[PDB]
Structures are given as C-alpha cells and as structure tokens.
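A short write-up of the structure that comes next.
Positions of Cβ are backbone-derived with ideal geometry, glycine not excepted, and every protein chain shown enters the neighbour counts. Each reported figure results from applying straightforward, stated rules to the coordinates on display, with no laboratory input.
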Amino acid sequence: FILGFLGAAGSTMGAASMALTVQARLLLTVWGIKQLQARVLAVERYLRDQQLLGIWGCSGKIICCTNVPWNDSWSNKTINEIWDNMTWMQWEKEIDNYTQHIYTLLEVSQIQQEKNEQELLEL
Amino acid sequence: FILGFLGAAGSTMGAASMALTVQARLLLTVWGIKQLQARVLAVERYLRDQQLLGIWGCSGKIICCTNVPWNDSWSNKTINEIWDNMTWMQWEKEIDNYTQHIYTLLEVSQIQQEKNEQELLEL
Amino acid sequence: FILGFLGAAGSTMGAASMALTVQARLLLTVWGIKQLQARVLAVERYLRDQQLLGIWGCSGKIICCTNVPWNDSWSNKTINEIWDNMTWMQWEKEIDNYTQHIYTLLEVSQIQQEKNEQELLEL
Amino acid sequence: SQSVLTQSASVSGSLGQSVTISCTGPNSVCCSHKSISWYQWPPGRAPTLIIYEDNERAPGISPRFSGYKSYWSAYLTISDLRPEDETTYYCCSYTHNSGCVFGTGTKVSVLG
Amino acid sequence: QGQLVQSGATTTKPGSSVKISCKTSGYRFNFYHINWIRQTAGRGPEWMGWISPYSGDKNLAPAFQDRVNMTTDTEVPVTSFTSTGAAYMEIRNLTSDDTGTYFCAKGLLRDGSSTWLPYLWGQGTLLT
Ligand SMILES: *[C@@H]1O[C@H](CO)[C@@H](O[C@@H]2O[C@H](CO)[C@@H](O[C@@H]3O[C@H](CO[C@H]4O[C@H](CO)[C@@H](O)[C@H](O[C@H]5O[C@H](CO)[C@@H](O)[C@H](O)[C@@H]5O)[C@@H]4O)[C@@H](O)[C@H](O[C@H]4O[C@H](CO)[C@@H](O)[C@H](O)[C@@H]4O)[C@@H]3O)[C@H](O)[C@H]2NC(C)=O)[C@H](O)[C@H]1NC(C)=O
Ligand SMILES: *[C@@H]1O[C@H](CO)[C@@H](O)[C@H](O)[C@H]1NC(C)=O
Ligand SMILES: *[C@@H]1O[C@H](CO)[C@@H](O)[C@H](O)[C@H]1NC(C)=O
Ligand SMILES: *[C@@H]1O[C@H](CO)[C@@H](O)[C@H](O)[C@H]1NC(C)=O
Ligand SMILES: *[C@@H]1O[C@H](CO)[C@@H](O)[C@H](O)[C@H]1NC(C)=O
Ligand SMILES: *[C@@H]1O[C@H](CO)[C@@H](O)[C@H](O)[C@H]1NC(C)=O
Ligand SMILES: *[C@@H]1O[C@H](CO)[C@@H](O)[C@H](O)[C@H]1NC(C)=O
C-alpha cells in the first residue's frame with residue numbers, strides 16, 4: 001500500500017494527492033445514546049461532503065477538474081511552489097478566506113453546464 | 001445570485017429551472033430526542049431522493065434527460081404552455097396520477113441501458 | 001414486471017442479472033428506540049455500499065465493468081459454467097475468500113484512473 | 001381603413017376542401033422580424049386566437065388550422081372545411097414588447 | 001380559462017369621457033396582461049394598449065397615448081390559483097369617430113415572446 005490513513009499529512013501535496021482512497025474508506029443508557037449520537041453525526045458530515053460533490057458534478061470523483069479559472073486574488077503562487085512544497089494543511093489555511101467563495105463558483109459552473117447540456121441534446 | 005430558496009415557487013417553470021442548486025443546498029430529554037428525530041428523518045428523505053436519482057442514471061444531476069417518450073396520456077400540453085405558463089407546483093398536481101407510473105418507466109430505461117452498455121464493452 | 005424482490009435468489013445468474021433495480025428500491029420508549037435504531041442502521045449499511053460504489057467509479061451504476069483482469073486464482077471457471085449454472089448465492093460463497101482482495105484491486109484502478117485522467121485534461 | 005397589413009381581400013371554399021389567406025405589408029410590419037397572429041373574428045363579437053408565433057396554435061385549436069411565414073408574407077390555411085367556418089379572419093404583426101398591427105380582414109364563405 | 005365581464009352599453013356625446021370596466025374571475029389576474037381593443041365603424045380592428053396587473057406597466061400604441069386613462073384594481077384571491085380583479089378604460093377627447101365595440105383581452109402567456117398577445121376576450125361594449 002502507501003503510508004496509510006492520513007500518513008501524508010505533513011507530506012508534499014504532490015505525493016499526498018496519490019492514494020486518496022485511504023482516507024475515503026475510514027470516513028464512514030449513557031453509552032448507547034452517546035454512541036448512537038456519534039453514528040448519526042458521522043452520516044451527516046459525510047453526506048454534506050457527497051452533497052457538495054453532487055452539486056459540483058463531481059459525485060463519484062476523488063480528483064475532479066472544473067471550469068472556474070484560478071483567480072490569483074486567492075493565491076499568486078506557482079503550481080510548483082504548491083504541489084512540491086506546501087502540505088495540504090498549509091495550503092487550505094491560505095485559501096481559508098476564499099474557500100466559501102470558490103464553493104459558490106463551482107455550483108454555478110455545474111448549473112450552467114447542465115443548462116447548456118440540456119440545449120445540446122435538444123438536437 | 002437569484003431569488004433565493006424557493007423564490008421561484010410561483011414563477012414560470014422556464015425561469016424556475018434556472019439555479020436549482022439553491023434548493024439543493026438547504027435540503028440537508030424532550031428537546032434532544034425531538035431534535036435528533038428530525039435529524040434522522042432528514043437524511044432519510046434526502047437519501048430516498050438520491051436513491052431514485054441513482055437507479056435512474058441521474059446520480060449527480062440536477063437536470064437529467066432520459067429515453068422515455070412523453071406519453072400524451074399524461075398531458076397533451078405543448079412545451080410552450082408548460083415552461084412559459086404553468087408553475088412547477090401547478091404542473092405536478094396535473095401529473096400527480098402519472099408520477100408513480102413514470103418512476104417505473106425511468107428504472108427500466110436505466111436497467112435496459114447498462115444491460116446494453118454491458119454488451120457494448122464486451123467487444 | 002419480473003419475479004419481484006429477491007425472486008431470482010435460486011435462479012441462474014444470467015437471468016438474475018436482469019432487473020436488479022427491484023432489490024435496489026426496497027434496500028432503503030421500547031418500541032420507538034428499537035424502531036429508530038433500525039432506521040439509523042439501515043442508512044449505514046446502504047451508505048457503506050454507495051461509499052464502495054463511489055470509490056470504484058461505479059457511483060450510480062447497477063452493472064459496472066472495470067479494469068482489473070479476472071485472476072484465475074479466484075476461480076478457474078468459464079463464463080458459461082457461472083452465468084448459466086451457478087446462482088448468485090453459490091457464486092460468492094466461492095469468491096468469499098477473495099472478495100476482500102478484489103475490493104482493494106478496484107480502488108487502485110479508480111485512483112490510478114482519475115490520476116491519469118488528470119494528466120489527460122492538462123493538455 | 002388605413003391598415004398597413006393587407007390580406008387576400010375575400011376568398012371562398014367548399015366542404016371538405018382547404019383554403020389559404022395571405023397577409024403581407026411593407027418592410028416595417030412583415031415578416032422575418034415579427035411574429036404573426038391569426039384571429040377568427042365574427043362580425044362585432046367575441047374573437048378567437050387561432051395561431052401565434054407564425055405556426056403555433058392556441059390551446060384546443062383544431063389541427064386543421066395551419067400557418068406559414070416566408071420573408072415577405074404569412075399564410076393561414078384551413079384544412080378540412082367544416083360548415084362552422086363562415087366568418088372573417090384578421091392577422092397581426094407583433095414582437096415581444098409591441099402591439100398587434102391588425103389586418104384588413106378576409107371573409108370566408110363555406111357555401112356548399 | 002375564466003370570464004372577463006365588462007360594463008353595459010353607455011353612449012355619451014363628443015368631447016366627454018366614458019369609463020369601461022372589465023372584471024375578471026377564474027384565473028390569476030396578476031399573471032397575465034390586460035389588453036384593450038376595439039372595432040370602429042370606419043376602420044377595422046385597432047389595438048389600443050395593454051397593462052400589467054402585476055408590473056403595473058403600461059404600453060399603448062402612439063395613436064391612443066394622450067387620450068387613454070388605463071388602470072386596474074388589485075385581485076382578490078379566491079384560491080391559490082384563482083382571483084378576481086378589474087381593469088378600467090377611459091378616453092379623453094371623445095368624438096363620433098371612436099364609436100364602436102370595445103373589449104378587454106387577457107394576455108396569452110407569462111413568458112416567452114407571446115406573453116401579452118390578447119388571448120381571452122371579454123363580451124364587448126358599444127360606445128357612442
Ligand atoms: C410574477 O408573475 C408575473 C406575471 O406572470 C411576472 O411578470 C411577467 O414576467 C414576464 C417575463 O419576465 C414578462 O414578459 C416579458 O415582457 C417584456 C416586456 O418588457 C419590456 O417592455 C415593456 C413595455 O414596453 C417595458 O415596460 C419593459 O421595461 C422595463 O421596465 C418595466 C417597468 O415596469 C419592468 O417592469 C420590466 O420588467 C422591464 O425591465 C421592457 O422594455 C418582454 O421584453 C419579454 O420578452 C423578452 O424576454 C423573453 C424571456 O423572458 C424572451 O423570450 C423575448 O424574446 C424577449 O427577449 C417578456 O415577454 C411579463 O411582461 C411580466 N408581466 C405580466 C405577465 O403581466 C413576474 O416575472 C413574476 N415574478 C416572479 C418573481 O415570479
Ligand atoms: C478575482 O476575485 C475578485 C474578488 O475576490 C474579483 O473582483 C475579480 O474580478 C476576480 N478576478 C478574476 C480574474 O477572476
Ligand atoms: C483572512 O481574513 C483575515 C481578516 O482578519 C486576515 O487577517 C487574513 O490575513 C485573511 N487570510 C488570508 C489568507 O488572506
Ligand atoms: C400511454 O400510457 C397508456 C397507459 O396510461 C398506455 O396504454 C399507452 O400505450 C401509452 N402510449 C404511449 C404512446 O406510450
Ligand atoms: C387522478 O385520479 C382521480 C380519481 O378520483 C381523478 O379525479 C383526477 O382527475 C385524476 N387526476 C388527473 C390529473 O388526471
Ligand atoms: C493472482 O493472485 C495471486 C495472489 O492471490 C497473485 O500472486 C498472482 O500474481 C495473481 N495473478 C494474476 C495473473 O493476476
Ligand atoms: C477459504 O479459506 C478456508 C480456510 O480454512 C478454506 O477452507 C476454504 O476452502 C477457502 N475457500 C475458498 C473458496 O477457497
């Protein structure tokens with residue numbers, strides 16, 4: 001295999017982008033109630049993720065390319081000084097402000113993609 | 001943005017079909033128990049919808065075209081007098097009887113699609 | 001319709017592979033607690049299945065072909081003496097040992113597929 | 001009368017036959033840059049919309065009625081003449097944010 | 001799919017002004033424009049103008065601009081898809097050339113390119 005579950009947490013994003021299905025598997029009365037509570041919460045956070053992947057056209061993807069051009073206002077950094085230097089945790093602390101802005105940009109591109117796809121299959 | 005969450009409830013189906021991801025986001029001890037109960041029920045109704053979209057080949061779609069020809073027994077109305085006149089709520093009150101019949105028609109078309117797709121990739 | 005829900009349990013795999021959406025539909029205080037418990041458990045086992053179909057590239061498929069070549073160590077049996085003879089229950093009792101090995105083979109093929117697909121759309 | 005949109009004056013037909021009524025004006029009201037609406041209109045009473053957008057019928061309109069618009073004139077044909085077709089018919093040019101520029105009428109007689 | 005009943009047959013003399021009513025029922029009055037047409041003994045049909053029971057918008061032909069007083073009420077909801085409203089039609093410099101039958105006409109659709117096309121007509125009112 002590879003390193004394991006989160007084993008590339010302090011690794012470069014280039015090596016960490018490989019084998020992402022190791023963290024895609026393990027993502028899914030006082031004792032009984034507090035055990036069932038965590039069970040329902042787990043399904044919620046997971047579904048919230050699949051929900052996002054669905055309304056982005058990535059439902060069923062681990063690596064998913066899109067249409068939204070990378071705005072340099074988010075980060076004027078090269079592909080090289082990101083994927084061969086910064087770790088995934090460092091990176092999204094830098095995109096932390098712009099993460100809720102890109103999320104909106106991905107939904108319009110999926111809604112304006114099937115809207116066009118609808119016109120395509122009208123012929 | 002657009003009007004918001006259900007903002008096109010009394011709007012024409014043509015304008016309402018645009019920006020459907022606004023109602024795709026917000027779709028997912030006496031107080032504690034009655035709060036957790038609503039939490040489990042929500043995940044159920046949502047999954048029942050994604051379940052249907054899956055066994056229709058639309059898993060991950062907002063607008064999804066299919067194969068089933070529109071039977072005029074359901075409604076002999078033009079595309080014009082629907083998408084530029086009736087609101088989405090008016091429409092499905094008219095298709096209310098035939099909704100559980102079309103649901104069956106969509107599943108056979110997805111089962112008889114991958115069955116053929118199976119023969120395709122045998123070559 | 002066809003036979004119904006599991007109606008092809010003792011039928012040949014060839015006939016049973018047809019109309020698989022009949023078992024894809026019906027898959028999803030002492031009384032209240034033991035009723036809600038089964039409700040949360042159901043969503044879990046179901047999601048575990050969709051979770052697997054997702055990290056296999058089959059998210060949204062009923063019949064899904066892949067890349068992994070069929071190792072004869074699992075079973076040196078012909079396509080004929082399987083799909084026209086053994087029932088689905090007989091079959092997976094024979095693959096029972098190798099089922100957790102193939103599951104791993106399907107995830108690498110999906111991770112090493114989008115990894116290549118990423119390079120494809122770089123041009 | 002001052003209508004800039006002329007029709008085929010008057011025309012007649014026989015039971016079981018089909019008719020056709022023209023409709024054309026100058027480059028200011030016809031046709032490739034304007035819709036056309038056809039109205040059945042008994043004398044001084046309640047009219048009825050027959051065809052809008054050149055070839056689309058109103059709800060319930062019998063399939064006999066038909067339309068066609070070339071770059072200089074639009075035509076209204078009445079397939080299978082039934083006895084209840086004795087009246088006058090007018091056209092109209094219009095866009096989305098304009099008004100109905102009506103026609104000069106074409107009384108139709110189905111005597112037979 | 002509803003009725004558009006108007007006023008009676010009120011005949012005045014030149015220079016004056018006449019009010020014509022147009023009460024709706026059986027259809028959401030706010031969803032479709034209200035057009036006003038007439039057929040005078042001297043011309044054929046003539047389009048006067050429409051009004052929006054929702055946008056409050058007015059668009060009349062330049063032939064009837066500085067003469068028409070066109071207004072509407074506000075629909076009284078009967079059901080979720082039904083209502084009852086009324087449009088009003090007045091004219092300024094009235095003559096005997098304007099003598100003819102007048103009606104109101106509910107629009108055709110709510111969107112597209114044929115939204116205001118006078119589809120559903122009233123009953124007719126004879127002027128001077
Ligand atoms: C609630 O429900 C009501 C009624 O159902 C909806 O209102 C109707 O909306 C439709 C579509 O949006 C309208 O049809 C359009 O009409 C315009 C005409 O507007 C133009 O002309 C007017 C007169 O000349 C003029 O007033 C307009 O100017 C602006 O200013 C006014 C000020 O009042 C403003 O109200 C206008 O909105 C304008 O912004 C304007 O110049 C016509 O142009 C449209 O055709 C175009 O668009 C369609 C696609 O929509 C396209 O196919 C065409 O080719 C063309 O490009 C279209 O016919 C209708 O007039 C409205 N009113 C009714 C039916 O009474 C309302 O939208 C609903 N709201 C919600 C939130 O659901
Ligand atoms: C980048 O984002 C800013 C807002 O954060 C926006 O104003 C600007 O137009 C964007 N530029 C590009 C090229 O997308
Ligand atoms: C996010 O916003 C805060 C506002 O206080 C700012 O201090 C911080 O630098 C911003 N982060 C980035 C990555 O721009
Ligand atoms: C339409 O549906 C009816 C049953 O509701 C069926 O008998 C008929 O064959 C169908 N017609 C078409 C053209 O699909
Ligand atoms: C549905 O069936 C009921 C049976 O009582 C009938 O009254 C109703 O009109 C039907 N709806 C449609 C849209 O046909
Ligand atoms: C079959 O599986 C065995 C382990 O079970 C492995 O050693 C062998 O290389 C595999 N052969 C092929 C052809 O995949
Ligand atoms: C699985 O392993 C057990 C080990 O005890 C063995 O007895 C059994 O035959 C194996 N099953 C298959 C199908 O090889």
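At-a-glance table
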quantity: Positions within region B:92-113 being exposed (fewer than 14 other Cβ atoms within 10 Å of the Cβ) and within 11 Å of ligand 4 (Cβ to nearest atom), in sequence order; calculated: B:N97, B:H101
quantity: Of all residues making up region E:49-70, the number that are surrounded by 20 or more Cβ atoms within 10 Å (Cβ to Cβ) and either facing another protein chain (nearest Cβ under 10 Å) or under 22 Å from D:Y90 (Cβ atoms) (or both); calculated: 2
quantity: Among residues of region E:15-48, those that are outside any loop (DSSP other than H, G, I, E, B) and away from ligand 1 (no atom under 14 Å from the Cβ), counted; calculated: 15
quantity: Residues of region D:53-82 satisfying the condition of being within 19 Å of E:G122 (Cβ to Cβ) and either surrounded by 15 or more Cβ atoms within 10 Å (Cβ to Cβ) or hydrophobic (A, V, I, L, M, F, W, C) (or both); calculated: D:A58
quantity: Residue check, A:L52 in a helix (DSSP H, G or I), under 26 Å from C:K115 (Cβ atoms) and among the hydrophobic types (A, V, I, L, M, F, W, C); calculated: yes
quantity: Residue that is surrounded by the fewest Cβ atoms within 10 Å (Cβ to Cβ), among those in region E:1-14 that are in a loop (DSSP other than H, G, I, E, B) and polar (S, T, N, Q); calculated: E:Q1
quantity: Residue match in region B:1-11 (condition: within 15 Å of the chain's Cα centre (by Cα) and among the hydroxyl-bearing types (S, T, Y)); calculated: no
quantity: B:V68 within 9 Å of another protein chain (Cβ to nearest Cβ), farther than 21 Å from A:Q113 by Cα and away from ligand 3 (no atom under 16 Å from the Cβ); calculated: no
quantity: Within region A:36-78, tally of residues that are closer than 30 Å to C:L36 by Cβ and of a type in the set (V, I, T); calculated: 3
quantity: Any pair with Cβ under 9 angstrom, 6 or more apart, that starts in region A:90-109 at a residue that is within 14 Å of chain B (Cβ to nearest Cβ) and ends at one that is in a helix (DSSP H, G or I) and more than 12 Å from ligand 2 (Cβ to nearest atom); calculated: A:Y103/A:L52; A:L106/A:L52; A:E107/A:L52; A:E107/B:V22; A:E107/B:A24; A:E107/B:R25
quantity: Residue tally, condition within 23 Å of A:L123 (Cα to Cα) and either in a loop (DSSP other than H, G, I, E, B) or within 12 Å of ligand 5 (Cβ to nearest atom) (or both), over region B:63-98; calculated: 16
quantity: Residue satisfying all of: in region C:114-123; under 17 Å from A:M18 (Cβ atoms) and loosely packed, with under 13 Cβ neighbours inside 10 Å; farthest from the chain's Cα centre (by Cα) among these; calculated: C:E122
quantity: Number of positions in region B:53-96 that are more than 19 Å from D:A58 (Cβ to Cβ), of a type outside the set (F, W, Y) and over 16 Å from the mean Cα position of the chain (by Cα); calculated: 3
quantity: Matching residues in region E:104-116 - criterion: being hydrophobic (A, V, I, L, M, F, W, C) and within 12 Å of chain B (Cβ to nearest Cβ); calculated: E:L108, E:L109
quantity: Hits in region A:74-91 - residues which are out of contact with any strand residue (DSSP E or B) (no Cβ under 8 Å at 6 or more places or on another chain) and surrounded by fewer than 13 Cβ atoms within 10 Å (Cβ to Cβ); calculated: A:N76, A:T78, A:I79, A:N80, A:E81, A:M89, A:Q90
quantity: Residue under evaluation E:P45, criteria (1) under 24 Å from E:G2 (Cβ atoms); (2) touching a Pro at 6+ places or on another chain (Cβ under 7 Å), criterion not met; calculated: (2)
quantity: Lone qualifier among C:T29, C:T21 - being within 11 Å of another protein chain (Cβ to nearest Cβ) and more than 25 Å from B:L53 (Cα to Cα); calculated: C:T29
quantity: Evaluation of A:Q51 against (1) farther than 24 Å from B:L53 by Cβ; (2) surrounded by 15 or more Cβ atoms within 10 Å (Cβ to Cβ); (3) more than 16 Å from ligand 2 (Cβ to nearest atom) (one fails), failing number; calculated: (1)
quantity: Restricting region C:36-48 to residues that are under 14 Å from C:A24 (Cα atoms) and more than 7 Å from chain A (Cβ to nearest Cβ), the residue that is surrounded by the fewest Cβ atoms within 10 Å (Cβ to Cβ); calculated: C:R45
quantity: Number of the condition not met by D:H33 [criteria: (1) surrounded by fewer than 14 Cβ atoms within 10 Å (Cβ to Cβ); (2) more than 14 Å from chain E (Cβ to nearest Cβ)]; calculated: (2)
